[PDB]
Amino acid sequence: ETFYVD
Amino acid sequence: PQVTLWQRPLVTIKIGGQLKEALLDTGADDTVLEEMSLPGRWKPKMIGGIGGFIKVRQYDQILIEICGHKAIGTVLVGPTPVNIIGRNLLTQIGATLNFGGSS
Amino acid sequence: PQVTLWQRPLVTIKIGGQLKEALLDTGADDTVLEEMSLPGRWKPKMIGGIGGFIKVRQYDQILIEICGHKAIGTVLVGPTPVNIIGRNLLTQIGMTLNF
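Chains as they are written, first to last, in the authors' numbering: chain X, 2 to 7; chain B, 1001 to 1103; chain A, 1 to 99.
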């Protein structure tokens, strides 16, 4: 699970 | 408190009178929470991530207590796989990212 | 080096002889870079995030220099919107979250 956002 | 990263940096948060676990996420510009009961009006918005995009409800000026520190800001609510606390709130509780040195 | 979060925490990295910009990401378990040329064998793998999943190439024991600090670990390569440095490498450079 790979969590950055924009 | 200082937090190492050998494990996910999870914290307890209190928002909308409810208690939840959330990830301190330096990689997120915004704070995004799993669907939950918030009070008030909201606006639609779209946010992107590693697998594409999701539609979320945008709530403004929401009060959140993150590991005992209060902050007020925008909180997005939608189909995120995990509750994430993004930079918009991390700055308010003074999180800093430190590493290595030499100098 | 202490880093505040008013702006994205970007750092310069050097990997596979190439220089790139990458985001220090405490919310990512793994390190994921945009399609790039890496040498060697790999394994197909899927990872998820907000928006769903993407398929990636899993390269093991890759040397990366992050802001001047060396580390060796697994690096995923695929269709991510941004180069991300995850906890698997952050621990190696003594990365701490303070507040």
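From the three backbone atoms N, C-alpha and C, an ideal C-beta is built for every residue, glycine too.
Residue i touches chain X at which residues, Cβ-Cβ below 8 Å?
{"i": "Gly48 of chain A", "result": "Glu2, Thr3"}
{"i": "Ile1050 of chain B", "result": "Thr3, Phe4, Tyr5"}
{"i": "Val1032 of chain B", "result": "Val6"}
{"i": "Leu1023 of chain B", "result": "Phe4"}
Using 8 Å for Cβ pairs, my map puts residue i next to residue j. What's the rounded Cβ distance?
{"i": "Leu1005 of chain B", "j": "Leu97 of chain A", "result": "7 Å"}
{"i": "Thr74 of chain A", "j": "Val32 of chain A", "result": "Not really, about 10 Å apart at Cβ, beyond 8 Å."}
{"i": "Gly1049 of chain B", "j": "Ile50 of chain A", "result": "3 Å"}
{"i": "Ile13 of chain A", "j": "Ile62 of chain A", "result": "Between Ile62 of chain A and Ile13 of chain A the Cβ distance is about 11 Å, and since that is not below 8 Å, they are no contact."}
{"i": "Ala1028 of chain B", "j": "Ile1093 of chain B", "result": "The Cβ separation is near 15 Å, so there is no contact."}
{"i": "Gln1061 of chain B", "j": "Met1036 of chain B", "result": "Their Cβ separation, rounded to whole angstroms, is 17 Å, which puts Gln1061 of chain B and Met1036 of chain B out of contact at 8 Å."}
Can you tell me whether residue i is helix, strand or coil according to DSSP?
{"i": "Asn88 of chain A", "result": "helix"}
{"i": "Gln1092 of chain B", "result": "helix"}
{"i": "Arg41 of chain A", "result": "coil"}
{"i": "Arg1087 of chain B", "result": "helix"}
{"i": "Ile93 of chain A", "result": "helix"}
{"i": "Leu1076 of chain B", "result": "strand"}
{"i": "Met36 of chain A", "result": "coil"}
{"i": "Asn98 of chain A", "result": "strand"}
{"i": "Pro79 of chain A", "result": "coil"}
{"i": "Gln1061 of chain B", "result": "strand"}
{"i": "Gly1017 of chain B", "result": "coil"}
{"i": "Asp60 of chain A", "result": "strand"}
{"i": "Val6 of chain X", "result": "strand"}
{"i": "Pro1044 of chain B", "result": "strand"}
{"i": "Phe1099 of chain B", "result": "coil"}
{"i": "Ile54 of chain A", "result": "strand"}
{"i": "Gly1052 of chain B", "result": "strand"}
{"i": "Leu1023 of chain B", "result": "strand"}
Would you mind telling me which residues of chain A sit closer than 8 Å to residue i, beta carbon to beta carbon, in chain order?
{"i": "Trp1006 of chain B", "result": "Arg87, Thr91"}
Kindly list, in the order they appear in chain B, the residues whose Cβ is closer than 9 Å to that of residue i.
{"i": "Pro9 of chain A", "result": "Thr1026, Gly1027, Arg1087, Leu1097"}
So residue i contacts chain A; which residues on that side make the cut at Cβ distance below 9 Å?
{"i": "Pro1039 of chain B", "result": "By Cβ distance, chain A contributes nothing, its closest Cβ being about 24 Å from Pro1039 of chain B, past 9 Å."}
{"i": "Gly1016 of chain B", "result": "The contacting residues do not exist; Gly1016 of chain B stays about 21 Å from chain A at best."}
{"i": "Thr1012 of chain B", "result": "None at all; the shortest Cβ gap to chain A is about 14 Å."}
Which chain B residues sit within Cβ distance under 7 Å of residue i?
{"i": "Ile54 of chain A", "result": "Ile1050, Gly1051"}
{"i": "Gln2 of chain A", "result": "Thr1096, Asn1098"}
Is residue i close to chain D, meaning its C-beta is less than 9 Å from at least one C-beta of that chain?
{"i": "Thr12 of chain A", "result": "Among the protein chains of the structure shown, namely X, B and A, there is no chain D."}
With a threshold of 8 Å (Cβ to nearest heavy atom), would residue i be considered close to the ligand FMN?
{"i": "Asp60 of chain A", "result": "Ligands in the displayed structure: none, and consequently the ligand FMN is not present."}
Counting only Cβ pairs nearer than 9 Å, list the residues of chain X close to residue i.
{"i": "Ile1047 of chain B", "result": "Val6, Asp7"}
Are there three or more Cβ pairs, one per stretch, closer than 8 Å when the stretch 1056 to 1074 of chain B is compared with the stretch 33 to 47 of chain A? no
Relative to chain X, which residues along the stretch 21 to 47 of chain A have a C-beta separation below 8 Å, given in chain order? For the stretch 21 to 47 of chain A, the set of residues with a beta-carbon nearer than 8 Å to any beta-carbon of chain X comprises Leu23, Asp25, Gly27, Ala28, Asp29, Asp30, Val32, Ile47, in chain order.
Residues in the stretch 58 to 85 of chain A with C-beta within 9 Å of chain X's C-beta atoms, listed in sequence order? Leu76, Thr80, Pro81, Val82, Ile84
Counting pairs of Cβ atoms below 8 Å between the stretch 13 to 30 of chain A and the stretch 1022 to 1030 of chain B, do you hit three or more? A contact exists between the stretch 13 to 30 of chain A and the stretch 1022 to 1030 of chain B.
Determine which residues of the stretch 1071 to 1083 of chain B have a Cβ less than 9 Å from any Cβ of chain A, and write them out in chain order. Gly1078, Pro1079, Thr1080, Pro1081, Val1082
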